[PDB]
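> The following block contains the structure, expressed as structure tokens.
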Amino acid sequence: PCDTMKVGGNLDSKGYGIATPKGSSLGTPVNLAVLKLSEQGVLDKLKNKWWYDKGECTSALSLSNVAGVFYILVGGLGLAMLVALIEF
Amino acid sequence: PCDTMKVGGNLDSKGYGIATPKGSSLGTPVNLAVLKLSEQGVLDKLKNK
Amino acid sequence: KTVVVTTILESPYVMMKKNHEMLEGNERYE
Amino acid sequence: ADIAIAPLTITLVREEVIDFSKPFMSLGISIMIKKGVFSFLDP
Amino acid sequence: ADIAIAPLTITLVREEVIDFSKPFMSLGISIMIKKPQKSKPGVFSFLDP
Amino acid sequence: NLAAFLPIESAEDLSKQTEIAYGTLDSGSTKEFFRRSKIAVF
Amino acid sequence: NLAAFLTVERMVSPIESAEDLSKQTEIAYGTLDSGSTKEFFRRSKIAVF
């Protein structure tokens, strides 16, 4: 529902990191896999798909900032025409 | 002279990393040194300075 | 060879599929 | 288990006991808080 | 040599041959161009308000 | 006056404001980072 | 609002986009000969890069 907001900036800078137990056979290859994905740009594609794809959330003045005065003007022109025709 | 500018955003994200040859004994402690400096906020002070 | 993968349901990193009752194996997580 | 493909955050203490990889996404701590026509008469 | 405390950038190829540390500063590719050249307003700029 | 017409803003402003309540996850890098911190604000 | 400007006009200048750079062949762009930047572009497969 977009009922909240982020304020200010980041207190500390860090990164999420895959983990493995000491001496794992997976540790050496996962590093190379991460670097290859980073170079290819895959991580950015996943980020865009799961973050931006879920998105549900001087300068001159614009007709919007003054439209009210235009509404009053036209309404007045109308009231005037009505008064005149009534008198006629 | 401030006669140039950075335009747009970053195409790719990376980081600068200290390096050491394979099997160096310095590799293990340099990681810890970097993390300790980051936590203490020394790197922030150097960046600002 | 098979990897024991640990995770937590911290969206959008890990979240169950809709109607995952009919999903079996790792497919029940998206 | 044998691996953690998770939103796990790197830190000095956890490295002393387990081996992390190169970060796959960067982040930082942050704070989360709760979020006229006749306007020409406002002045 | 034995170490590189430099603005060296991490990458897959260099890791295959040498051991890096955790990044001490983050970055990204970017584009550099001549500074601005603040233009003059414009005949008929008296309508811009 | 028409011419003139035409909350917390940072962590320090949060620390100063005791009226506003702030918290973190019980077990995570965030709680540990705050607990092990030595900066005045944290 | 005219009173509010004045300064804004005196200092008006635009920018660019990396896409706008790739589209324009008239503007010339290059990188360091031996750097992570050149290698990253050489190993890339993204359309713009």
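Following the order of the structure tokens, first chain is A, next is B, and so on, with residues numbered from 1 inside each chain and ligands from 1 in the order they appear.
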Do you have, as CSV, the list of residues of chain F lying at most 9 Å from range 30-39 of chain D, each with its nearest atom pair and that distance in Å to one decimal, counting only C-alpha atoms and ordered by chain then number?

```
residue,atom,partner,partner_atom,distance
F:10,CA,D:31,CA,8.7
F:11,CA,D:31,CA,8.0
F:22,CA,D:31,CA,8.7
```
> For chain B, report every residue with an atom at most 10 Å from chain A (counting only C-alpha atoms), formatted as a PDB file with N, CA and C atoms, in the first residue's frame.

```pdb
ATOM      1  N   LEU B  11      27.085   2.867 -14.900  1.00  0.00           N
ATOM      2  CA  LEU B  11      26.687   1.728 -15.761  1.00  0.00           C
ATOM      3  C   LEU B  11      26.801   0.424 -14.969  1.00  0.00           C
ATOM      4  N   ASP B  12      27.908   0.244 -14.250  1.00  0.00           N
ATOM      5  CA  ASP B  12      28.132  -1.023 -13.508  1.00  0.00           C
ATOM      6  C   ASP B  12      28.653  -0.664 -12.119  1.00  0.00           C
ATOM      7  N   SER B  13      28.496  -1.574 -11.158  1.00  0.00           N
ATOM      8  CA  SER B  13      28.940  -1.293  -9.775  1.00  0.00           C
ATOM      9  C   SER B  13      30.096  -2.219  -9.409  1.00  0.00           C
ATOM     10  N   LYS B  14      31.143  -1.642  -8.831  1.00  0.00           N
ATOM     11  CA  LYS B  14      32.296  -2.460  -8.401  1.00  0.00           C
ATOM     12  C   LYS B  14      32.920  -1.813  -7.170  1.00  0.00           C
ATOM     13  N   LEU B  35      37.986  -4.445   7.173  1.00  0.00           N
ATOM     14  CA  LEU B  35      36.665  -4.484   7.842  1.00  0.00           C
ATOM     15  C   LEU B  35      36.734  -3.651   9.124  1.00  0.00           C
ATOM     16  N   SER B  38      36.616   0.001   8.285  1.00  0.00           N
ATOM     17  CA  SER B  38      35.261   0.384   7.825  1.00  0.00           C
ATOM     18  C   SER B  38      34.345   0.564   9.035  1.00  0.00           C
ATOM     19  N   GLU B  39      34.386  -0.388   9.966  1.00  0.00           N
ATOM     20  CA  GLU B  39      33.485  -0.317  11.140  1.00  0.00           C
ATOM     21  C   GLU B  39      33.844   0.911  11.974  1.00  0.00           C
ATOM     22  N   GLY B  41      35.073   3.612  11.067  1.00  0.00           N
ATOM     23  CA  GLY B  41      34.764   4.868  10.363  1.00  0.00           C
ATOM     24  C   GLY B  41      36.019   5.618   9.940  1.00  0.00           C
ATOM     25  N   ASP B  44      35.686   6.472   6.132  1.00  0.00           N
ATOM     26  CA  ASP B  44      34.788   7.628   5.904  1.00  0.00           C
ATOM     27  C   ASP B  44      35.567   8.927   6.127  1.00  0.00           C
TER      28      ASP B  44
END
```
> Would you mind listing what lies within 7 Å of range 24-37 of chain G as a list in words, with only C-alpha atoms counted and same-chain residues fewer than 4 positions away left out?
residues 9 of chain E; 20 and 41 of chain G
> Can I get the selected residues back with N, CA, C and O atoms, as a PDB file, in the first residue's frame?

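Final file, part17.pdb:
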```pdb
ATOM      1  N   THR E   9      41.031  -2.070  -9.316  1.00  0.00           N
ATOM      2  CA  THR E   9      39.613  -2.491  -9.379  1.00  0.00           C
ATOM      3  C   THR E   9      39.500  -4.013  -9.391  1.00  0.00           C
ATOM      4  O   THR E   9      40.282  -4.672 -10.093  1.00  0.00           O
TER       5      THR E   9
ATOM      6  N   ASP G  20      22.168   8.662 -24.910  1.00  0.00           N
ATOM      7  CA  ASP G  20      22.309   9.789 -25.859  1.00  0.00           C
ATOM      8  C   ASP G  20      23.743   9.801 -26.385  1.00  0.00           C
ATOM      9  O   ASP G  20      23.943  10.282 -27.489  1.00  0.00           O
ATOM     10  N   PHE G  41      33.947  -3.490 -20.815  1.00  0.00           N
ATOM     11  CA  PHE G  41      33.247  -3.240 -22.096  1.00  0.00           C
ATOM     12  C   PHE G  41      33.546  -4.386 -23.063  1.00  0.00           C
ATOM     13  O   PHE G  41      32.636  -4.816 -23.779  1.00  0.00           O
TER      14      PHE G  41
END
```
> Have a look at CA of residue 15 in chain E and CA of residue 28 in chain D and let me know their distance in Å, one decimal.
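Here the two named atoms are 25.5 Å from each other.
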> Would you mind listing what lies within 12 Å of residue 1 in chain C as a list in words, with only C-alpha atoms counted and same-chain residues fewer than 4 positions away left out?
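Answer for this query is residues 24, 25 and 26 of chain A; 2 and 3 of chain D.
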> Determine which residues of chain D receive a DSSP assignment of helix (DSSP H, G or I), computed from the backbone, and state them as a PyMOL selection string.
chain D and resi 12-17+39-41
> Write out as a ChimeraX atom specification each polymer residue whose atoms come within 8 Å of range 23-29 of chain F, counting only C-alpha atoms; drop sequence neighbours fewer than 2 positions from it.
/D:9,11 /F:21,31-33
> Would you output that residue set with N, CA, C and O atoms, as a PDB file, in the first residue's frame?

```pdb
ATOM      1  N   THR D   9      24.195 -10.612   5.678  1.00  0.00           N
ATOM      2  CA  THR D   9      25.077  -9.426   5.655  1.00  0.00           C
ATOM      3  C   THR D   9      26.463  -9.802   6.155  1.00  0.00           C
ATOM      4  O   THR D   9      26.575 -10.531   7.169  1.00  0.00           O
ATOM      5  N   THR D  11      30.047  -9.405   7.961  1.00  0.00           N
ATOM      6  CA  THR D  11      30.541  -8.642   9.124  1.00  0.00           C
ATOM      7  C   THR D  11      31.797  -9.326   9.643  1.00  0.00           C
ATOM      8  O   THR D  11      32.051 -10.483   9.275  1.00  0.00           O
TER       9      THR D  11
ATOM     10  N   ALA F  21       9.924   6.922  18.543  1.00  0.00           N
ATOM     11  CA  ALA F  21      10.558   5.650  18.965  1.00  0.00           C
ATOM     12  C   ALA F  21      11.129   4.918  17.753  1.00  0.00           C
ATOM     13  O   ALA F  21      10.478   4.876  16.711  1.00  0.00           O
ATOM     14  N   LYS F  31      21.503  -4.939  14.879  1.00  0.00           N
ATOM     15  CA  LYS F  31      21.588  -4.854  16.356  1.00  0.00           C
ATOM     16  C   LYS F  31      23.050  -4.997  16.784  1.00  0.00           C
ATOM     17  O   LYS F  31      23.488  -4.260  17.677  1.00  0.00           O
ATOM     18  N   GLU F  32      23.769  -5.926  16.164  1.00  0.00           N
ATOM     19  CA  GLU F  32      25.183  -6.138  16.557  1.00  0.00           C
ATOM     20  C   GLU F  32      25.986  -4.880  16.210  1.00  0.00           C
ATOM     21  O   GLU F  32      26.851  -4.476  17.010  1.00  0.00           O
ATOM     22  N   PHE F  33      25.715  -4.292  15.044  1.00  0.00           N
ATOM     23  CA  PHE F  33      26.478  -3.096  14.619  1.00  0.00           C
ATOM     24  C   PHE F  33      26.246  -1.956  15.612  1.00  0.00           C
ATOM     25  O   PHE F  33      27.192  -1.247  15.970  1.00  0.00           O
TER      26      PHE F  33
END
```
> One number please: CA of residue 30 in chain A to CA of residue 18 in chain A, in Å, one decimal.
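Here the two named atoms are 8.0 Å from each other.
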> Select from chain E every residue with an atom at most 12 Å from any atom of chain D, then for each give the shortest pair of atoms and their distance in Å to one decimal, using only C-alpha atoms, rows by chain and rising number, as CSV.

```
residue,atom,partner,partner_atom,distance
E:10,CA,D:22,CA,9.8
E:11,CA,D:22,CA,10.3
E:12,CA,D:22,CA,10.4
E:15,CA,D:22,CA,10.6
E:19,CA,D:22,CA,11.6
E:20,CA,D:22,CA,9.7
E:21,CA,D:22,CA,9.0
E:22,CA,D:22,CA,7.3
E:23,CA,D:22,CA,8.9
E:25,CA,D:26,CA,11.3
E:26,CA,D:26,CA,8.8
E:27,CA,D:26,CA,10.7
E:28,CA,D:26,CA,11.9
```
> Give as number ranges by chain every residue of chain A that touches chain C within 10 Å, counting only C-alpha atoms.
A: 19, 25-26, 47, 50-51, 54
> Kindly save the residues from that selection, with C-alpha atoms included, as an mmCIF file, in the first residue's frame.

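Okay, part28.cif is ready:
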```cif
data_model
loop_
_atom_site.group_PDB
_atom_site.id
_atom_site.type_symbol
_atom_site.label_atom_id
_atom_site.label_comp_id
_atom_site.auth_asym_id
_atom_site.auth_seq_id
_atom_site.Cartn_x
_atom_site.Cartn_y
_atom_site.Cartn_z
ATOM 1 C CA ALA A 19 28.528 -17.789 2.917
ATOM 2 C CA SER A 25 34.604 -26.942 -1.903
ATOM 3 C CA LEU A 26 31.790 -24.553 -2.904
ATOM 4 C CA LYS A 47 17.401 -6.528 -9.181
ATOM 5 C CA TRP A 50 12.287 -7.964 -8.376
ATOM 6 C CA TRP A 51 12.439 -4.245 -7.393
ATOM 7 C CA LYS A 54 7.046 -4.441 -8.721
#
```
> Using DSSP secondary structure from the backbone, list all strand (DSSP E or B) positions within range 10-87 of chain A, as an MDAnalysis selection string.
chainID A and resid 13:16 19:21
